[PDB]
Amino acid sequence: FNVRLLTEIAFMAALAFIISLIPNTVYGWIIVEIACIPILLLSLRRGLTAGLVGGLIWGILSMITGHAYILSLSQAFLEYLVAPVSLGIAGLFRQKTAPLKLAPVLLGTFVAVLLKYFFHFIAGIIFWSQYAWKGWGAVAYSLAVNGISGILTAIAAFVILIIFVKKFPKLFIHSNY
């Protein structure tokens, strides 16, 4: 692995972290998580592993800096290591060769945001039900909150990755030289 590779990885995690510090709350725990974007861009450009690891580092930064909501060991583990690591799955949709095509950017962005918010949804059932709206069971409450957060994060990720796909396509295609 290159010095170049590590550089990219570190930088994009620093970038997710810096972005996670922007107010992204729509209502209660419904968020638009734009900070996923640099990890997704990272996974698409350099593949799974690079992505899993950049997610890991983002999670660690959130926790060690105090910008993470932690209820217990296992909830911190599920939502600030597994969940951000899981965006690396987008790396399976990497395009090694030109021309760049939009479909795999969107299918990869979709599956990975979905995967991340699936973990939150599971987290939401186990650790967060004390906050459920009146009349709601926990599973329903977590689906609404994490389903909607999932969808809005994907929309944001799409808007942005689409402009990047249209204006700066070689971003998604690693190349030496």
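Each residue number is its position in the shown sequence, starting from 1.
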Mean C-alpha temperature factor, higher of 5 to 13 and 150 to 158: 5 to 13
Out of 124, 51, 108, 66, residue topping the C-alpha B-factor column of the entry: 66
Identity of residue with top Cα B-factor, from 78, 90, 85, 98: 98
Assigned third (lowest, middle, highest) for the C-alpha B factor of residue 31: middle
Assigned third (lowest, middle, highest) for the C-alpha B factor of residue 143: middle
Third of the chain, ranked by Cα B-factor, where residue 113 sits: middle
Chain-relative CA temperature factor third for residue 70: highest
Relative C-alpha B-factor of residue 61, binned into the chain's lowest, middle or highest third: highest
